[PDB]
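One-letter residues, chain by chain:
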Amino acid sequence: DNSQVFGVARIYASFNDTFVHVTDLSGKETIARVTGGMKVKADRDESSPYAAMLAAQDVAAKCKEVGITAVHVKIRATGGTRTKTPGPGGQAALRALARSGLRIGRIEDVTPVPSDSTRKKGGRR
RNA sequence: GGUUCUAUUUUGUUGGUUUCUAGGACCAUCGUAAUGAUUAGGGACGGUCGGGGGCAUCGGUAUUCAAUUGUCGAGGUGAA
């Protein structure tokens, strides 16, 4: 209904999850599809870029009803849902958008990056 | 007994002239003969650099908490 011709998307990609939403050019959503929303949860068997491509592709089905052309992605973290490889999966979503009738606008890396990169130890909550 | 005059020396005091001696303030230059390529200390004037200091403000990103919308499972690990 909205017919917002471009919009942003943050690709969240933690170790188990790879949902892909695609919002408009202002902020409010219209469509997000979860990894569990693509039927699977089995914790260890959630990692790879291969099953993560399917969850990110079912986004395009309901995104059709609005009609977003250029999806401008912001990748946060790297992981996804698995059928094969343990480890990365955030590269999956970019392939899903590119294979559908949706277009890529720009690729941005939007991560909380510290200066020195360790795991934290030393101080409160 | 001593007085008086004259000459000389010494001590104190005063004045003109001649000659000689102490003491106080401030500043220039570094010459050459006795260890041999020496501007050794403090700055004033005029430009200049820096995350040196303390305080008072201000801005941005990320995280967390609280409230509200759209949307249904996640987080961890070598497996758990």
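In the PDB archive, cryo-EM is given as the structure determination method for this entry, at a resolution of 8.90 Å.

You'll find chain A entered in the PDB entry as 40S ribosomal protein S14(A), with Thermomyces lanuginosus given as the organism. In the PDB, the title recorded for this entry is "Structure of the 80S rRNA and proteins and P/E tRNA for eukaryotic ribosome based on cryo-EM map of Thermomyces lanuginosus ribosome at 8.9A resolution".

Student: Which residues make up the overall build of chain A, and what are the values?
Tutor: From N to C terminus, chain A includes three helices and five strands. In sequence order, chain A lays out its α and β elements as β-β-β-α-α-β-α-β. Computed over C-alpha atoms, the radius of gyration of chain A comes to 15 Å, within 12% of the 14 Å expected from 2.2 N^0.38 for 125 residues, which places it in the range of a compact globule. Projected onto its principal axes, the C-alpha positions of chain A cover 50 × 30 × 25 Å. Residues classed as buried in chain A amount to 33% of the 125 residues present. By sequence separation, contacts in chain A at least 24 residues apart represent 75% of the contacts at least 6 residues apart. Accessible surface, chain A as shown: approximately 8100 Å² in total, 52% of it carbon and sulfur. Positive and negative side-chain charges of chain A, numbering 21 and 12 respectively, have mean locations separated by a distance of 4 Å.

Student: Pulling in residues and values, what's your account of the pairing of strand β1 (residues 6-12)?
Tutor: Remember that side chains alternate between the two faces of the sheet whenever the strand is regular. Residues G7, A9 and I11 point to one face of β1 and are all buried, whereas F6, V8, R10 and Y12, pointing to the other face, are not buried. Two elements, β1 and strand β4 (residues 70-76), share seven bridges in a ladder whose sense is parallel. Of the residues in β4, the one forming a bridge with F6 is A70.

Student: Lay out the protein's contact with RNA strand B in plain terms, naming residues and giving numbers.
Tutor: Taken together, 19 residues surround RNA strand B, and among them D17, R33, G36, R44 and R119 come closest. For RNA strand B, the backbone makes up 75% of the atoms found within 4 Å of the protein, where backbone means sugar plus phosphate. Side-chain polar atom of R33 to a phosphate oxygen of RNA strand B: 3.0 Å apart, as the coordinates give it. Side-chain polar atom of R44 to a phosphate oxygen of RNA strand B: 3.0 Å apart, as the coordinates give it. The residue inventory of the surface near RNA strand B, partitioned by class, reads five nonpolar, five polar and nine charged.

Student: Could you give an account of the nonpolar core, with specific residues and numbers?
Tutor: Core analysis: the biggest nonpolar cluster contains 21 residues, and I11, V20, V22, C63, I68 and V71 have the highest contact counts within it. For this core, the secondary structure elements donating two or more residues are β1, α1 (52-55), α2 (59-63), β4 and α3 (92-99). Ranked by residue count, the leading element in this core is α3, at four residues. Those residues in contact with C63 that lie beyond four places of it in its chain are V22, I31, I68 and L102.

Calculation notes
Residues numbered from 1 in each chain as written, not as in the entry; some residues may be left out. Chains lettered and ligands numbered in written order. Part of a larger assembly, values for the part shown. Heavy atoms only, no water. Helix = DSSP H or I, 4+ residues; strand = E, 2+ residues; numbered from the N terminus. Rg over C-alpha atoms; globule rule 2.2 N^0.38 Å. Buried < 20%, exposed > 50% of the residue type's maximum accessible area, 1.4 Å probe, protein only. Contact = heavy atoms within 4.5 Å. Areas by Shrake-Rupley, 256 points an atom, 1.4 Å probe, with all protein chains shown as cover. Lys, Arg positive; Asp, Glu negative; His and termini not counted. Charge placed at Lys NZ, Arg CZ, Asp CG, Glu CD. Pairing = 2+ DSSP bridges. Near = heavy atom within 4 Å. Polar contact = N/O pair within 3.5 Å; in protein donor to acceptor, adjacent residues only side chain to side chain. Nonpolar A, V, L, I, M, F, W, Y, C, P; charged D, E, K, R; others polar. Core = buried A, V, L, I, M, F, W, Y, C linked by side-chain atoms within 4.5 Å.

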